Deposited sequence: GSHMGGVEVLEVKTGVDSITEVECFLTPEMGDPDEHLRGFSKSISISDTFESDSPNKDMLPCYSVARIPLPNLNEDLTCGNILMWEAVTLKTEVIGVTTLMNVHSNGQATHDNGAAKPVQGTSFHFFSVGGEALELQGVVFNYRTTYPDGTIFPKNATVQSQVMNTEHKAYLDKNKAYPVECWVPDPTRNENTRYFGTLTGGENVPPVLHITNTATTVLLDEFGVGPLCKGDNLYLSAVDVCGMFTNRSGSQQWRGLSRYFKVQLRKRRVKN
């Protein structure tokens, strides 16, 4: 519970570097990074999305050098990987007008990443409490009408990949003391992706007392969502498209009592 001094010297720092692949639904063997085409329910009550149509949170647990000392995460560099793929406007999309190029990926996006010393803590909130979330996903159980705004029963850990749908979970702001998270939802069928890349930007993960996430059990938890928008097919059907996210985290050894 008590945080003491940082250890210095040769052995005292380490670095984690990896990428998290997006989990958009992957409806067949050719469509890694895409969801199933989105269909609309016949009535509000009958909302019942298939699993392959639901983007999910990505998570990786990274083992750290075995070490009371704990690894403290201090800085992060992060980047969406493959932003230029959205320039492919020639692959059986929907022409914007007669003889025009294909409509590029656009519309509702969620870009989110977190670094923590334990699993990201989630709070469940649903657009429509009568939505039936599908077998194979982990979703708010015993949803009530109050779950449309806040039901404190819906607590969970982001402890599994391809499992927690993006639309029914958010980071729990009442918890997550040992995690730093950042996200933006940009909503609207025509919103343009705006994706920046650079290897010169660093986020500092230290809190107001100068303490970063402390890695319980010598594990680092990285989480992400990068739903870039929707690809529209020639027919007008639409699929979520996601991209991978790069993480580089620097850690240092911190003594605790």
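Annotation: deposited residues 1 to 6, 74 to 81, 272 are not represented by C-alpha coordinates in the model.
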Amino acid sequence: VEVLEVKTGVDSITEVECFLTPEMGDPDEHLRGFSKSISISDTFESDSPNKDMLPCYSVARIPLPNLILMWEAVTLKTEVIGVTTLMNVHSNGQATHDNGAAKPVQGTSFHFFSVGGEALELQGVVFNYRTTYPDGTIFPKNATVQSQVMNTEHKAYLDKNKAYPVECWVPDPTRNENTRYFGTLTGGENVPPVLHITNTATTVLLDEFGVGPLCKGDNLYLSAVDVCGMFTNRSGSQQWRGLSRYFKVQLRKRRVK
From here on, numbers count along this sequence of modelled residues.
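Here 115 to 123 and 98 to 106 are compared by their mean Cα B-factor, and 98 to 106 comes out higher. Two stretches are in play, 152 to 160 and 81 to 89, and the higher mean C-alpha B-factor belongs to 152 to 160. Looking only at 205, 230, 70, 220, the residue with the top Cα B factor in the deposited structure is 70. If you compare the C-alpha temperature factors of 35, 58, 199, 190 in the entry, 190 comes out highest.
Among the modelled residues of its chain, residue 14 has a C-alpha B-factor that falls in the highest third according to the deposited record.
For residue 226, the recorded CA B-factor ranks within the lowest third of the chain. Only modelled residues enter the ranking. Split the chain's modelled residues into thirds by C-alpha temperature factor. Residue 178 is in the middle one.
Among all modelled residues in its chain, residue 64 ranks in the highest third by Cα B-factor.
Among all modelled residues in its chain, residue 143 ranks in the highest third by Cα B-factor.
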